[PDB]
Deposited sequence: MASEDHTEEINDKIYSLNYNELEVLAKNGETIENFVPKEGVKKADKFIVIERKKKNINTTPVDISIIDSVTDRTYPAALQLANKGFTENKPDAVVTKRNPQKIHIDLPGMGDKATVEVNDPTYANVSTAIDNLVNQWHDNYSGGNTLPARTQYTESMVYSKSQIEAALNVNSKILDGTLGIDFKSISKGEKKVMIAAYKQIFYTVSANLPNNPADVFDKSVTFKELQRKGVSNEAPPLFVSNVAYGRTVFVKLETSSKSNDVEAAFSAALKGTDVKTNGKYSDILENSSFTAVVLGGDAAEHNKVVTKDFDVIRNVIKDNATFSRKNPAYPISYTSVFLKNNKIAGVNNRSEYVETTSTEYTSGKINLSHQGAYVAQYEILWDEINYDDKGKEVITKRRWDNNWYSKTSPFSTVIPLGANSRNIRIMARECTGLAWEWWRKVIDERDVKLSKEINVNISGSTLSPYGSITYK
């Protein structure tokens, strides 16, 4: 019998949410402290953790040759598709036209493969590109790195490939020790496969719906048809520093002392061209050097599929959450007091020390110099240590004029004193005109 009407009926009847059957829900974010601080020698290292969300639905799916993706291929819409490991559906197929967008080719761009297996379509792709070279002759993404799920969604590239080609230290990016950024350079041509008039038209008369179910077709894994493959070369760039400045990301160059270590990779066929420098212009000319289409050929890089039921484009929805880690390091300081005035002086020196509870909220320890309001004459001087976590530093020095209406006048009154290694607070002058200043060294 002619199974065409059953295959069309059953595929038409398939029951699934398009969004949800290709949902790629990210790695579950485990409990975390928003802020933490650690004392080490004269240092205070503060790790700050911000929780963020990614939500993308790419319709171009990264290809990993580590194959079963090719124009007019049949795949299953399951979790394995969402992690660049699609399952194919291999049956006896029917004549299928493909088309390549190479510039000058006219009707010679279209070609009909009688039996469209991977081999036959690869052969036609091979012929077509060769002819163009003989007789006839880009998308860029950048993003900082926070976790494999985030960098995947941000660049639409599998994280294992990145991790294989460039070192990515996720565990220790989480400690704020490394600010890593990655750029992708994804081009030369696209082969496309005409969409069937009806779902059954891709199958031969011997293919039955029961056979399709045996190879995986269900409401939980609806059939997908590969309509377009993009070919070319990808150029991965990594920029890795151990700085802690907020300005690191603006790396984005795609002036600065920060410039640290670099890496660039050109995707070869097999699993490449790994180069690592401490100067960028070597890399940045490497990209242009790796930009020629010759018989340096072109490799699969991404592809587009439709649901066979209704030829709706298949998007993999990435709805996931990650952590931004920000690390800052403070250094203890010293308040240097020096009194060179001809009057009696008194100080009020106040600051807070800051720590974080296991819930990550800030705990303020108030703090005062034990000689506040003690009288001081010249040439008094002293050194007042401030810990690396000091904050809200208030320094006041005041003068006993002894006038019966202003017994004391403020000479110095700062309230937002910079914690620095040296806080030099000098006062001098006469009783009638005092002078004071705070400098930083």
Notebook entry, point to check: Which bits of the deposited sequence have no atoms placed for their C-alpha?
Noted result: 1-3, 70-71, 143-150, 200, 265, 268, 271-280, 286-287, 300-301, 326
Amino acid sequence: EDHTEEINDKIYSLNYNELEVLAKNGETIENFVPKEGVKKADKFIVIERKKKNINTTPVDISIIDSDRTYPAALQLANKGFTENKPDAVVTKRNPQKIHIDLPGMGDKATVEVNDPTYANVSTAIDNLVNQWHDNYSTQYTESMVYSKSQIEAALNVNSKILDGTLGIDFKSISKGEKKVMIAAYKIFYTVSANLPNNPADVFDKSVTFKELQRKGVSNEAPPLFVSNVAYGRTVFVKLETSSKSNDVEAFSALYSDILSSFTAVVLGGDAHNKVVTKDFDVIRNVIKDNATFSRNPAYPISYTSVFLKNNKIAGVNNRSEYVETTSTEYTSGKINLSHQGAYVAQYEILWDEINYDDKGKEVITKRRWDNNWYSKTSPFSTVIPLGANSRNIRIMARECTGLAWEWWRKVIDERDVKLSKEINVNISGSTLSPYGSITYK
From here on, numbers count along this sequence of modelled residues.
Checklist line | Selected stretch [higher average CA B-factor]: 410-418 or 37-45 | finding: 410-418
Check: Comparing 226-234 with 306-314, which has the greater mean CA B-factor as deposited?
Finding: 226-234
Margin query: Maximum C-alpha temperature factor per the entry, among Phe280, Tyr322, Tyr356, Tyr330, belongs to which one?
Written below: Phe280
Notebook entry, point to check: Taking the values straight from the PDB record, which of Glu362, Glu220, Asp115, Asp352 has the highest C-alpha temperature factor?
Noted result: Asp115
Notebook entry, point to check: Which third of the chain holds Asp67 when residues are ordered by C-alpha B factor: lowest, middle or highest?
Noted result: middle
Item checked: Chain-relative CA temperature factor third for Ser428 -> middle
Item checked: CA B-factor placement of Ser390, once the chain's modelled residues are sorted into thirds -> lowest
Note to self: Using the temperature factors of the C-alpha atoms in this entry, rank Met396 within its chain: lowest, middle or highest third.
What the structure shows: middle
Margin query: What third of the chain does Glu177 rank in for C-alpha temperature factor, lowest, middle or highest?
Written below: highest
